[PDB]
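Residue numbers (this note's numbering): 71 to 638.
Using N, Cα and C, we set each Cβ at its ideal position, and we do this for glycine too.
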């Protein structure tokens, strides 16, 4: 091997391009050639008493690598669980790959966790996906529950936009011992196929690796069958460990090895492709996550021009941050700027209007927040020609808070159309918008509107927050006003008591819009976690809408505002 030698990280981009070329022909040929080249046995999985313990009859545990439980006296088959030890990079049996527990195997699952001295569970699935059960809930809603011989107590839950973290205490009956186990549940794998970008998964993996302790047993990894998504987690983790001392990758070799340990590991070509995509992105990024106590020092470092270099660390970091419906000729007039378009997968689709066509289109994108998916809509400043679409977007998407980050005119040019009424009520197609109040605060204006669907008479209140103190050139000297603004907007979402997204726009809906969303997320994360990763926040945003946080100065301001917020 020979045929499939290791890939130096320098050659990873070219290798992955080679594989992906001609509709992934070489990827398919490589993937299909994977063969451990030995005969296994699976007698335990197939025992009549064990068949009901297998979520999928066709996904079994090889005898030589299966995880063996201590038998329960008088109970045949009680040593069995559908789980296998799986190797990492220079880490033997580093993981246990297992299926999503069934109700009948909850006790078995927790007994495995106990007996194997595991501290970490990685769950690579939601419980239900597209109305199909992928895994049954093997953990308590709250407090303690008994699963066979093991008492499991939920101590804490953190629920975020793309993952949950649950902390448990374990106690075996008649034991002195108490053990802590953390479950990391990734919730952002799509219903069909693989993730479009690796960014959410890599953030998840980073979380797992921080909170998995030293002197612990294998990390328990599961999805539904415990082979596909479980396989991807394991090979990505292993290869990222490999690169630390070695700076080469061997995905082919590692999957081949894993296939001698559990059937089907990395179950599809698209999963095999996703692994390469994740590793490519991972090597292009570094570590940009910093605890609150080192933020000032990190900023100080970024502010320096290093010997050899001609720009600051802050500028280098920013530089590293390097569709169809928006392109339709009937929609081109609906874009403020031809180079700023929403991605197809995250675009805000409108209800089509019978005789129109293209009426499903608005230049706007769904953007996840810290706690919830689709927390924001990032959109351009409305044109006269898209104003009716804008109001309809708010209604259909239950957005009743609008954040405007530009003056109507800056530098003697029009930045946004005045899409709202002031002197009297106006009808925008289906919607009657009545102006109710206008509050002029030092750094912003708050406008309040009653909006009525003239089709059925249903009515809503919309609040618009227009920040007026962003300098027409550059960025605010102090983050104080903007941090207060973010706070005001979000207290309104709470008040309130908003469920739908906050719609955010500037002119093109990427620059200041990117800053508003980055800081909304970052400042809350700092308050609740005491860490900051500006770079990965912006990277994430750019998987949902292009160009988010448009300039180096906008990027630096995120750090500045984060620093000031900490000072408070």
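- Within the same chain, 505 come within 8 Å of residue 494 by CB-CB distance, once the 5 residues on both sides are set aside.
- Taking 8 Å as the cut-off, the beta carbon of residue 622 is found closer than this to the beta carbon of residue 385.
- The segment 571-579 makes contact with the segment 471-488: 3 or more CB pairs, one atom from each, lie closer than 8 Å.
- The Cβ-Cβ distance between residue 394 and residue 578 does not fall below 8 Å.
- Using a 10 angstroms sphere on the CB of residue 575, the tally of other CB atoms reaches 16 or more, which defines it as buried.
- Residue 204 and residue 450 have their C-alpha atoms roughly 39 Å apart.
- Within the segment 234-309, the runs of alpha helix (DSSP H) that reach at least 4 residues and sit entirely inside it are, in chain order, 269-281.
- Here residue 154 carries a strand assignment [DSSP, helix/strand/coil].
- Short of 6 Å from the beta carbon of residue 443, and not among the five residues preceding or following it, lie these beta carbons of its own chain, in chain order: 231.
- According to the DSSP secondary-structure assignment, residue 520 is paired through a beta bridge with 504 and 531.
- Comparing alpha carbon positions, the residue from 156, 300, 343 and 374 closest to residue 170 is 300.
- In the DSSP assignment, residue 93 falls within the alpha helix (DSSP H) that extends over 82-102.
- Rounded to the nearest whole angstrom, the CA to CA distance from residue 422 to residue 429 is 5 Å.
- When 161, 583, 602 and 327 are compared, the shortest CA-CA separation from residue 614 is found for 583.
- A straight-line Cα-Cα distance of about 6 Å links residue 524 and residue 500.
- Per DSSP, the unbroken alpha helix (DSSP H) holding residue 343 starts and ends at 339-354.
- Under DSSP, residue 159 shares a beta bridge with no residue.
- Residue 433 counts as buried, since at least 16 other C-beta atoms from the protein chains shown sit within 10 angstroms of its C-beta.
- When the Cα atoms are used, residue 236 and residue 483 turn out to be separated by approximately 52 Å.
- When beta bridges are read from the DSSP output, residue 446 appears opposite 437 and 572.
- Here DSSP, grouped into helix, strand and coil, assigns residue 193 to strand.
- Under the criterion of beta carbons closer than 8 Å, residue 288 and residue 164 qualify as touching, at roughly 6 Å.
- Inclusion of residue 545 and residue 627 in the CB contact set at 8 Å is warranted, their separation being smaller than that value.
- In chain order, 189 place their CB closer than 7 Å to the CB of residue 283, counting only its own chain and leaving out the 5 sequence neighbours on each side.
- Taking all protein chains shown into account, residue 126 has fewer than 16 neighbouring C-beta atoms within 10 Å of its C-beta and is therefore exposed.
- Sixteen is the threshold: when 16 or more other Cβ atoms of the shown chains lie within 10 Å of the Cβ of residue 255, as they do, the residue is buried.
- Residue 483 sits in a strand when the DSSP states are folded into three classes.
- For the alpha helix (DSSP H) assignment, the uninterrupted runs of no fewer than 4 residues enclosed by the segment 561-607 are, from N- to C-terminal side, 581-599.
- When the five nearest sequence neighbours on each side are left out, the beta carbons in the same chain lying within less than 6 Å of the beta carbon of residue 258 are those of 232 and 270, in order along the chain.
- In the three-state DSSP reduction, residue 496 falls in the strand class (E or B).
- Between residue 464 and residue 532, the gap from beta carbon to beta carbon is short of 8 Å.
- The residue from 219, 298, 480 and 281 with its alpha-carbon nearest to that of residue 143 is 219.
- If you draw a 10 Å sphere on the C-beta of residue 435, you find 16 or more other C-beta atoms in it, and that means buried.
- Here DSSP, grouped into helix, strand and coil, assigns residue 382 to strand.
- Note on the segment 357-433: whole alpha helix (DSSP H) runs with a minimum of 4 residues are 365-372, 383-389 and 394-397, in chain order.
- DSSP places residue 510 within a strand segment (E or B) once states are collapsed to three.
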